[PDB]
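Written below as structure tokens is the structure these notes are about.
FYI, side chains are in, hydrogens and waters are out, and symmetry mates aren't considered; it's all heavy atoms of this structure. Quick note on labels: first sequence line is chain A, next is B, and so on, each numbered from 1.
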Amino acid sequence: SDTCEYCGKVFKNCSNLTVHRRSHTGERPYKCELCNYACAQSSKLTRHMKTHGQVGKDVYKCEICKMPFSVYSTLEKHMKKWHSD
DNA sequence: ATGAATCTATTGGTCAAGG
DNA sequence: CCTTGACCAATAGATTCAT
Ligand SMILES: [Mg+2]
Ligand SMILES: [Mg+2]
Ligand SMILES: [Zn+2]
Ligand SMILES: [Zn+2]
Ligand SMILES: [Zn+2]
Ligand SMILES: [Zn+2]
């Protein structure tokens with residue numbers, strides 16, 4: 001069958017349906033080790049990891065919580081979000 | 001001064017090929 | 001099957017643009 005039990009969307013295989021269904025169940029088994037990010041698809045965690053460090057970018061660490069960032073403006077957004085005081 | 005438009009960086013949903 | 005990753009829309013914040 002490979003059809004979503006929640007919205008009826010049809011798929012060509014079981015695994016794409018499994019990933020899709022997590023958007024109805026809220027399940028997010030893939031959790032980043034370097035921040036609170038969590039996701040339903042393993043390659044999504046891989047892509048998110050680029051924001052903590054990537055070839056061709058430096059690493060800017062948060063002076064307060066030590067979290068690493070490959071993009072400095074993202075570290076600035078992190079400062080505003082988590083360490084606003 | 002204010003809001004619309006438009007950038008960046010990043011993420012969510014989708015789809016399909018590699019292992 | 002699980003893994004992988006390209007692609008396109010959406011999102012949040014920053015900035016520019018128009019008036
Ligand atoms: Mg499919
Ligand atoms: Mg591929
Ligand atoms: Zn569904
Ligand atoms: Zn199936
Ligand atoms: Zn993370
Ligand atoms: Zn921090």
Side-chain angles (χ1 to χ4, degrees), chain A residues 1-62 64-79 81-85:
Chain A
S1 292
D2 295 339
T3 296
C4 178
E5 305 84 2
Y6 291 89
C7 71
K9 182 181 164 68
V10 181
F11 293 84
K12 288 185 182 61
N13 57 66
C14 281
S15 297
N16 286 347
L17 164 57
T18 298
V19 168
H20 165 88
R21 188 195 291 112
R22 301 198 171 117
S23 65
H24 312 290
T25 67
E27 174 182 306
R28 287 182 181 166
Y30 305 104
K31 305 171 181 185
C32 182
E33 293 189 357
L34 291 173
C35 72
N36 214 35
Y37 179 77
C39 59
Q41 182 185 7
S42 68
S43 56
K44 286 296 183 303
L45 180 54
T46 301
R47 181 181 71 182
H48 160 85
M49 289 307 295
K50 286 170 154 77
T51 77
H52 292 294
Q54 188 196 353
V55 171
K57 299 173 186 309
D58 279 314
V59 176
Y60 315 88
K61 274 175 174 295
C62 175
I64 293 175
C65 78
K66 319 295 155 42
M67 184 177 297
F69 293 82
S70 60
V71 181
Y72 184 85
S73 61
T74 312
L75 174 60
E76 295 181 302
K77 295 175 182 173
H78 164 97
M79 298 303 294
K81 167 171 166 53
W82 287 94
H83 310 304
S84 187
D85 312 328

Review point. Quick check: are there more than 12 heavy atoms from other residues, nucleotides or ligands sitting under 6.0 Å from CD of A:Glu33?
Key: no

Practice item. Give a yes or no on this: more than 12 heavy atoms of other residues, nucleotides or ligands lie within 6.0 Å of atom CZ of A:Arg28. Key: no

Point to revise | Student check: side-chain heavy atoms of A:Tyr37 and A:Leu45 closer than 4.5 Å | key: yes

Point to revise | Interatomic distance, A:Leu17 CG vs B:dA16 P [rounded to whole Å] | key: 15 Å

Review point. A:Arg21 CZ to B:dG13 P: how many Å, rounded?
Key: 15 Å

**Study point:** Protein-nucleotide distance (A:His78, atom NE2; B:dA9, atom P), rounded to Å
**Key:** 19 Å

Check your understanding: Should A:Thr51 be listed as having a side-chain N or O under 4.0 Å from OP1 or OP2 of B:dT10?
Key -> no

Check your understanding: Can you find an N or O donor on one side and an acceptor on the other, under 3.5 Å apart, linking the side chain of A:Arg47 with the base of B:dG12?
Key -> yes

**Study point:** Euclidean distance, atom CZ of residue A:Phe11 to atom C1' of C:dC2 [Å, nearest integer]
**Key:** 16 Å

Check your understanding: Parallel, tilted or perpendicular for A:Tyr60 and A:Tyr72, by the 30°/60° rule?
Key -> perpendicular

Check your understanding: Taking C1'-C2'-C3'-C4' as the guide, is B:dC7 a north (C3'-endo side) or a south (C2'-endo side) sugar?
Key -> north

Check your understanding: Is A:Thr74 near enough to B:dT10 that one of its side-chain N or O atoms lies under 4.0 angstrom from OP1 or OP2?
Key -> yes

Review point. Residues from residues 1-9 of chain A sitting under 4.0 Å of DNA chain B, heavy atoms only?
Key: A:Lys9

Exercise for review: Would you kindly give the CD-to-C1' distance between A:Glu76 and B:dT10, to the nearest whole Å?
Suggested key: 16 Å

Review point. Name the one of A:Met49, A:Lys57, A:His52 that satisfies side chain to side chain contact (heavy atoms under 4.5 Å, CB included) with A:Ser70?
Key: A:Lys57

Exercise for review: Could you check whether the rings of A:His78 and A:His83 sit parallel, tilted or perpendicular, using 30° and 60° as the cut-offs?
Suggested key: perpendicular

Review point. What integer distance in Å separates A:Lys77:NZ from B:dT11:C1'?
Key: 12 Å

Review point. Transitively linked via ILVMFWY side-chain contacts under 4.5 Å: A:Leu75 with A:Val71?
Key: no

Study note, to complete from the structure: Within residues 25-46 of chain A, those residues having any heavy atom closer than 4.0 Å to DNA chain B are A:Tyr37, A:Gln41, A:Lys44

Check your understanding: Given B:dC15, is OP1 or OP2 found less than 4.0 Å from the side-chain N or O atoms of A:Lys12?
Key -> no

Practice item. Let me know the distance between CE of A:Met49 and P of B:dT11, rounded to the nearest Å. Key: 11 Å

Review point. Is the shortest side-chain N/O distance from A:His20 to OP1 or OP2 of B:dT14 below 4.0 Å?
Key: yes

Check your understanding: Within a strict 4.5 Å, meaning less than it, do heavy atoms of the A:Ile64 and A:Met79 side chains meet?
Key -> yes

Practice item. Output yes when at least one side-chain N/O atom of A:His48 is less than 4.0 Å from OP1 or OP2 of B:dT11, else no. Key: yes

Practice item. Report yes or no: is there a donor-acceptor pair, N or O only, under 3.5 Å between the side chain of A:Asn13 and the base of B:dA16? Key: no

**Study point:** Atom CG of A:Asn13: over 12 foreign heavy atoms under 6.0 Å
**Key:** yes

Practice item. Determine the minimum heavy-atom distance between A:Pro29 and A:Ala40, stating which atoms define it. Key: CD-CA, 4.1 Å

Practice item. Rounded to the nearest angstrom, tell me the gap between atom CG in A:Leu75 and atom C1' in C:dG13. Key: 15 Å

